[PDB]
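Residue numbers (PDB author numbering): 1448 to 1524, 1528 to 1722.
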């Protein structure tokens, strides 16, 4: 007969549905594709496509809602067909605007806005953007909005994807990248002190650096303080021009271009 046959949706999107039907043998002038929400009194929308084309994309919809789509075949110059109709639900919406709230050498913390759809939970994946590493997966409850992914590697750009979970399908991921910082220098050991000098050695972190920054400040007394920039191939420092009988805090920051380590700190007093 003249009714279209085997109407189905072939691709579902939070905002769009792609439908297709069987092209009839004798040519049709044009089709009438009405669509509206299943059980909603808001006005139905409708558009036409030429008889040559056997597919249609319905755009500008809402996510996670059931739609009824109806197709008519027009032949006159008019004369309409019997309606063929299907119902389908759009894909649930994704969370939005993710924030990175904390970045360390082995973890990244993120916060996101909840999806608008009803959600049963979240699935969060973390994988390196370029280096072919493993994909870590963590699950969050429906009312959760923040997560910390531990077990990461230093100065690695990670891709963090958040998926909203729902029985009627899972959302598309909310995606954000972040770079972990560098480990701190280990075992800041003070080796020697003189009236005006200070000598400190440390263990370097386990990633290649661009240099070090050392700063020494008196804790309770006041006077000039010192900052020193070191080469990456440094395991010790000697800071001169200090004051006698002074409590000096010493901190060493590892540097990798824009990446700054958390300090290895200690305090020591100069000789009498």
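Backbone N, C-alpha and C fix where the C-beta goes; we use that ideal spot for every residue, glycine too.
Helix, strand or coil at residue i [DSSP, three-state]
i            : result
residue 1596 : strand
residue 1630 : coil
residue 1695 : coil
residue 1668 : strand
residue 1711 : coil
residue 1449 : coil
Distance cut-off 7 Å: residue i Cβ against heavy atoms of the ligand FMN
i            : result
residue 1642 : Absence of the ligand FMN is noted for the structure shown, with no ligands found whatsoever.
Cβ neighbour criterion (16 or more within 10 Å) applied to residue i
i            : result
residue 1711 : buried
residue 1473 : exposed
residue 1461 : buried
residue 1616 : buried
residue 1511 : buried
residue 1648 : buried
residue 1544 : buried
Between the CA atoms of residue j and residue i - distance to the nearest angstrom
i            : j            : result
residue 1556 : residue 1628 : 12 Å
residue 1464 : residue 1624 : 21 Å
residue 1581 : residue 1605 : 11 Å
residue 1590 : residue 1572 : 5 Å
residue 1600 : residue 1492 : 49 Å
residue 1677 : residue 1621 : 51 Å
residue 1665 : residue 1603 : 27 Å
residue 1485 : residue 1541 : 15 Å
residue 1713 : residue 1578 : 26 Å
residue 1532 : residue 1458 : 25 Å
residue 1656 : residue 1706 : 12 Å
residue 1550 : residue 1609 : 12 Å
residue 1636 : residue 1683 : 15 Å
Cβ separation of residue i and residue j, assumed to be a contact under 8 Å, to the nearest whole Å
i            : j            : result
residue 1471 : residue 1453 : Rounded, the Cβ-Cβ distance is 11 Å, inconsistent with contact.
- Query: Can you give, in chain order, each stretch of the beta strand (DSSP E) that sits fully within the region 1611 to 1664 and has at least 3 residues?
  - Reply: Counting only runs that start and end inside the region 1611 to 1664, the beta strand (DSSP E) elements of at least 3 residues fall at 1624 to 1629, 1636 to 1643 and 1648 to 1653.
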